[PDB]
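Chemist: First, the structure itself, so that you have it in front of you.
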Amino acid sequence: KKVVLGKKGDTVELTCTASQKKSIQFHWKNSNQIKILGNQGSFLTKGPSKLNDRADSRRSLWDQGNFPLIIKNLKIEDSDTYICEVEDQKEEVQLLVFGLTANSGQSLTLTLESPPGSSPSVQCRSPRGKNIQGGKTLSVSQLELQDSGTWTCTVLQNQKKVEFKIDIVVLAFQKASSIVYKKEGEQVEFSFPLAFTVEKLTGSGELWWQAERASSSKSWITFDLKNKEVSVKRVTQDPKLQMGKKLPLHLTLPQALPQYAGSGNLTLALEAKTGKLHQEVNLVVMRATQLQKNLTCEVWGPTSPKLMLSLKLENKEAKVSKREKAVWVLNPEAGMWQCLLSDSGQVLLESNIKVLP
Amino acid sequence: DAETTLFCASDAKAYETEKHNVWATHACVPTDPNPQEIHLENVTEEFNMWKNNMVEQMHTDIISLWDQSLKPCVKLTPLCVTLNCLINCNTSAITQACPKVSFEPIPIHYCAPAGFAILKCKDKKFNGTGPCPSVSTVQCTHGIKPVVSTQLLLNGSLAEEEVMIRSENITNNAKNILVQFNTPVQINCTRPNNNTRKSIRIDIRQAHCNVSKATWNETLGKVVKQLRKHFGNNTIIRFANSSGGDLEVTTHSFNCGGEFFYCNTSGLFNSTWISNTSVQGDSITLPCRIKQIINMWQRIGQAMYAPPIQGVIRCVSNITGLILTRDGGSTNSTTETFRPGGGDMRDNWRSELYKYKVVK
Amino acid sequence: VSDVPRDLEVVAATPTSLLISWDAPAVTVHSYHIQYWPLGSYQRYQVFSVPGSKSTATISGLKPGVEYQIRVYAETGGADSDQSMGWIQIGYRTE
């Protein structure tokens with residue numbers, strides 16, 4: 001009858017019950033007709049299977065009449081059909097066990113461990129919401145620093161599902177790119193997690209930033225790291241940057257503004273191994289608001305030309321859309337409008353405005 | 001089929017300090033001096049034996065004897081609280097006086113009450129849960145001793161003409177196989193004095209038993225002759241020791257005056273078998289050991305008794321039965337493993353109350 | 001040919017201890033690094049090292065009923081640039 005799923009390494013339980021809620025003779029058998037365990041009164045006698053050591057049952061639950069089967073430290077090789085044996089009728093429970101592991105920069109591979117004959121589908125969404133669908137093996141080719149939180153993989157068989165969580169960290173000074181999209185006034189955060197080996201090397205670094213204007217070829221702070229202690233050498237007057245003292249490199253902008261925009265370079269050198277470390281960083285800033293009649297949404301920073309800006313209420317259609325960096329509506333309609341800076345597939349920056357007149 | 005109570009009837013003494021004589025005097029009647037066995041005609045009755053409710057009564061009439069005989073010093077027993085699931089399950093200990101009392105079984109007879117009758121098969125094989133034809137009615141069963149033991153059924157009745165095996169269902173390796181012998185295999189267990197050495201570093205806990213090898217091989221030679229009749233197909237009878245568990249199951253366990261002998265039975269089941277022997281070629285030294293912290297057979301929970309007697313502990317027993325399990329499976333490559341089992345005392349009395357049934 | 005540990009699994013656990021086993025890659029392993037941290041907070045990771053010849057590892061000092069993530073790296077000495085540092089990662093939870 002019943003079907004039970006399980007997470008690799010978890011503990012699950014196949015509950016069997018009969019009519020008489022007391023101590024009476026019962027046992028468990030697998031597909032191969034091997035005794036799983038036996039009982040002499042209250043005490044438990046061990047079954048001949050190789051899972052005898054790992055698998056177990058609750059002696060305490062004999063009062064209610066329930067005859068549970070417990071499998072601590074579930075392995076892939078446990079998926080099977082099990083039979084509860086009271087002489088009047090046998091209840092069978094079919095069991096499939098899955099497991100999730102991550103093999104192998106800018107790309108990672110995920111391998112899903114599956115039992116035989118299974119026909120499963122595997123969704124996995126990022127912390128930022130990126131929805132990735134796949135089969136037995138999933139490959140994440142292109143990663144950016146923003147997509148470095150906790151990823152959630154939901155595995156589905158025919159109708160029944162099991163949920164797995166796995167953390168993903170993207171190394172800063174590898175080829176992976178860093179980009180941050182903020183509307184004006186939101187504080188900006190940059191994190192540059194380094195590989196565990198380089199934490200004890202010690203070194204010094206700085207960040208240079210360039211805005212829209214060619215005047216600011218270089219700027220921004222300079223800092224020294226020894227042991228797991230981050231100490232700044234010099235800080236720019238215009239941004240009130242806050243860098244975290246603790247070892248994970250944490251850098252904060254109090255709030256995002258258009259002048260604080262443009263590509264930047266972060267360079268870390270270290271006397272230990274003497275290898276020049278570079279890092280690319282971008283910040284894109286949106287301002288969307290209506291002054292008097294006019295309604296305006298514009299974006300500042302280094303944006304690919306391909307992407308598109310639109311002003312639209314999701315109820316109606318886009319009142320104006322152009323491939324330019326600035327979009328403006330004249331004598332605009334009443335409603336809950338939106339400004340969307342967007343790629344082909346997905347939206348990069350969404351702002352929700354509401355006009356009153 | 002009735003579900004009544006049966007009054008016991010044993011030949012007591014009412015004068016000695018023997019425990020069973022004290023219990024039998026307060027709740028048992030004297031034995032019937034003139035029994036009558038009316039032989040029925042051409043009748044057939046489906047004598048099921050594993051669903052017999054009469055054995056469920058004897059087991060509850062013996063537990064009431066052990067609570068009047070061997071009072072434990074510390075009776076640690078579990079006790080849970082009705083809380084769904086951290087279930088509150090705290091132990092509840094009881095401290096009682098522990099006087100070393102005498103201990104010896106006495107044959108009792110379960111008799112039918114007023115208005116009911118007890119049937120009895122008389123076939124020399126009987127097969128267990130199969131219908132026989134020589135059904136005769138009686139009013140009281142034969143001599144039944146309340147001996148509590150594991151892996152080897154002690155003192156009791158022997159088979160009629162041939163060693164028969166009984167099991168609720170074969171080939172399912174869960175039900176124990178009761179083997180009844182047709183010849184009394186003796187056993188003597190002693191420790192005279194000579195070992196007053198209490199500890200070793202900061203022996204009285206040692207005893208031994210002997211089995212007549214020249215006599216025991218005959219009875220074992222007939223058991224394999226019957227087991228191969230059930231599996232005569234490239235498979236092989238291979239005995240072995242226990243597969244582990246509690247110390248009252250891994251080894252033999254019987255009692256003699258509060259001495260809870262835990263006899264290691266590995267030099268008795270180690271031999272592999274075929275139509276020929278693999279033992280040797282008189283006095284098989286069955287190493288035993290008196291214990292003090294036991295696991296009760298009358299429910300879950302440990303116990304702790306008083307230290308053993310100074311000396312001269314003798315057990316001139318018999319061996320009438322044998323409890324054997326079976327190890328089957330898909331890895332069974334033409335073999336037959338019969339490890340010693342037992343522990344369920346209901347199975348100890350089903351080997352004795354198989355001939356009867358209470359009918360109205 | 002990849003040089004990444006495979007077949008990582010939890011052999012046995014206690015509310016305070018994990019005992020894990022993996023399988024060695026193809027190339028010579030100079031040492032295996034065990035990096036484990038609770039779910040979400042990468043920053044609170046703890047890492048230790050065992051020599052390239054041992055196949056299992058004990059992990060002590062764990063909290064009951066807690067999700068943890070376990071990553072095992074392998075570093076191969078014999079190849080300076082022919083091969084790199086790989087890792088396999090799974091998750092588990094103490095009772």
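These residue numbers are counts, starting from 1, taken along the chain as shown.
Determination method: electron microscopy, 8.7 Å.
Note: Cβ is positioned from N, Cα and C throughout, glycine not excepted.
Heads up, here are the entries from Swiss-Prot:
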type	residues	note
DISULFID	A:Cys16-A:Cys84	disulfide bond
DISULFID	A:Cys124-A:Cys153	disulfide bond
DISULFID	A:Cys297-A:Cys339	disulfide bond
DOMAIN	A:1-100	domain 'Ig-like V-type'
DOMAIN	A:173-286	domain 'Ig-like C2-type 2'
DOMAIN	A:287-343	domain 'Ig-like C2-type 3'
CARBOHYD	A:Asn265	N-linked glycosylation site
CARBOHYD	A:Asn294	N-linked glycosylation site
Chemist: Might you list, by sequence position, any residue in that chain lying six or more from A:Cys297 (disulfide bond) with a Cβ less than 8 Å away from its Cβ?
Modeler: A:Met286, A:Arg287, A:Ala288, A:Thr289, A:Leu309, A:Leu311, A:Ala326, A:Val327, A:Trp328, A:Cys339, A:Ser351, A:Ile353
Chemist: Would you list the DSSP helix, strand and coil counts for the residues of the domain 'Ig-like V-type' (A:1-100)?
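Modeler: Counting residues per DSSP class in the domain 'Ig-like V-type' (A:1-100), I get 6 helix, 45 strand, 49 coil.
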Chemist: What whole-number Å value do you get for the CA-CA distance of A:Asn294 (N-linked glycosylation site) and A:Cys16 (disulfide bond)?
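Modeler: Counting only the Cα atoms, the answer is 70 Å.
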Chemist: Counting by DSSP secondary structure, give me helix, strand and coil numbers for the domain 'Ig-like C2-type 2' (A:173-286).
Modeler: 5 helix, 50 strand, 59 coil
Chemist: Just how many other Cβ atoms lie inside 10 Å of the Cβ on A:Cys16 (disulfide bond)?
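Modeler: Around the Cβ of A:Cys16 (disulfide bond), 21 other Cβ atoms lie within 10 Å.
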Chemist: Would you find the one among the glycosylation sites A:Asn265, A:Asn294 whose Cβ has the most company, meaning other Cβ atoms within 10 Å?
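Modeler: Its Cβ has the most other Cβ atoms within 10 Å: A:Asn265.
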Chemist: Quick one: 6 residues missing from A:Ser104 to A:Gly105, so how many Å between their CAs?
Modeler: 10
Chemist: About how far apart, in whole Å, are the alpha carbons (Cα) of A:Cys153 (disulfide bond) and A:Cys84 (disulfide bond)?
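Modeler: Their Cα atoms are separated by 33 Å.
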Chemist: Sorted by position, what residues of the same chain at least six away from A:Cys124 (disulfide bond) have a C-beta under 8 A from it?
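Modeler: Same-chain residues close to A:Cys124 (disulfide bond) (Cβ under 8 Å, separated by 6 or more) are A:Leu110, A:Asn131, A:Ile132, A:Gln133, A:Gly134, A:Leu138, A:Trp151, A:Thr152, A:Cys153, A:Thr154.
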Chemist: Based on DSSP, name the secondary structure state of A:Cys153 (disulfide bond): helix, strand or coil.
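Modeler: Strand, per DSSP.
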Chemist: When you measure from the Cβ of A:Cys339 (disulfide bond), how many other Cβ atoms are you left with inside 10 Å?
Modeler: 26
Chemist: Taking the Cβ of A:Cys84 (disulfide bond) as the centre, how many other Cβ atoms fall within a 10 Å radius?
Modeler: 22
Chemist: How far is it from A:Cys84 (disulfide bond) to A:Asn265 (N-linked glycosylation site), counting Cα to Cα, in Å?
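Modeler: Here the two Cα atoms lie 66 Å apart.
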Chemist: Inside 10 Å of the Cβ of A:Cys153 (disulfide bond), count up the other Cβ atoms and send me the figure.
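Modeler: A 10 Å sphere around the Cβ of A:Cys153 (disulfide bond) contains 20 other Cβ atoms.
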